[PDB]
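One structure is given below, encoded as structure tokens.
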Amino acid sequence: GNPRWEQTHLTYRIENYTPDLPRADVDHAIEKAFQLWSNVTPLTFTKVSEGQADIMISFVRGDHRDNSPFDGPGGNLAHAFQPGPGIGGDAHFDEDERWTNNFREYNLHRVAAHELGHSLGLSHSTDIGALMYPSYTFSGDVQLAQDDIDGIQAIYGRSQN
Amino acid sequence: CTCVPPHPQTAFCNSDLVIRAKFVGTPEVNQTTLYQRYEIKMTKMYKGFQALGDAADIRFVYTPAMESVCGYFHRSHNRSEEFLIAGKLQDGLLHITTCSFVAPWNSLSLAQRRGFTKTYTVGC
Ligand SMILES: [Ca+2]
Ligand SMILES: [Ca+2]
Ligand SMILES: [Ca+2]
Ligand SMILES: [Zn+2]
Ligand SMILES: [Zn+2]
């Protein structure tokens, strides 16, 4: 047994929005990130805007009351928590970072895809081209490497299709 | 956790302690605070040693227990290997993350190994 969601149908909420991107681009980055994981699993995601959700998404800086403060611009870009109640599943993004929906350094969708991988119960990959690689990498299209696919399917199984 | 790996230069100025040390054994974990500590046999200090504030031990490096929240997970077979630890001083304990500059000493280039000797201090 290792931290995994008992349910297959999960909920998420964007608590607050970054001023770096328009609301729609933030919504798109998050949705498409969840899409990558739901594509290869029987896992389902639903955005809510009121009340508490399984995966809470937020943009915060420095000390933000979770015992893992951010470090200003650079360094730590974002982090997340393994499946569980309360803070479990939540993903936090450093606001001191400049967030983008393009090649300009620090693509939100690319990072979110990684951090949501943690939200579902994945560890870091050592494969340089894997989404679950801890260092920031961007090569245009962000897609799951076989290591990512095998990791998440080893927990939740294959897609229904 | 997502990190932009720091260039040795900028990590030197940001960190409070840029020591050389060896990791003794398996990480000790406190499953109530979700932090983790590695017992380290310290060999040499390049910053430190000035000590502002502080600070101390140093034979324990601290890091979050969970990899997802930037807990540093040590990837080393041999136990006698020397590592360059470049971390922050919080309270009185040396802290480190996935994003902290931790690399084996021998794997560093000549410019890098000369950098910690007395070159990066100029770049701050
Ligand atoms: Ca940061
Ligand atoms: Ca949660
Ligand atoms: Ca920002
Ligand atoms: Zn956080
Ligand atoms: Zn990560």
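Here, residue 1 is simply the first one shown, and the rest follow in order.
This deposition comes from X-ray crystallography, 2.5 Å.
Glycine is no exception: its Cβ is also placed from the backbone N, Cα and C atoms.
Features reported for this protein in Swiss-Prot:
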type: CARBOHYD; residues: A:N16; note: N-linked glycosylation site
type: BINDING; residues: A:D20, A:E95; note: Ca(2+) 1 binding site
type: SITE; residues: A:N39; note: site 'Not glycosylated'
type: BINDING; residues: A:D54, A:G86, A:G88, A:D90; note: Ca(2+) 2 binding site
type: BINDING; residues: A:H64, A:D66, A:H79, A:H92; note: Zn(2+) 1 binding site
type: BINDING; residues: A:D71, A:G72, A:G74, A:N76, A:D94, A:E97; note: Ca(2+) 3 binding site
type: ACT_SITE; residues: A:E115; note: active site
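Counting in whole angstrom, A:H92 (Zn(2+) 1 binding site) lies 14 from A:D54 (Ca(2+) 2 binding site) by their C-alpha atoms. Scoring each of the binding-site residues (A:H79, A:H92) by how many neighbouring Cβ atoms lie within 10 Å, the top position goes to A:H79. Among the binding-site residues A:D20, A:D54, A:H64, A:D90, A:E95, A:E97, none has a Cβ sitting under 8 Å from a Cβ of chain B. Residues A:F70, A:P73, A:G75, A:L77, A:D96 surround the recorded Ca(2+) 3 site, their Cβ atoms falling within 8 Å of the Cβ centroid of A:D71, A:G72, A:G74, A:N76, A:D94, A:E97, which are themselves excluded. Comparing the binding-site residues A:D20, A:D90 on other C-beta atoms within 10 angstroms of each C-beta gives the minimum for A:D20. Take the Cα of A:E97 (Ca(2+) 3 binding site) and measure to each of the recorded positions A:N16, A:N39, A:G86, A:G88: the nearest one is A:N16.
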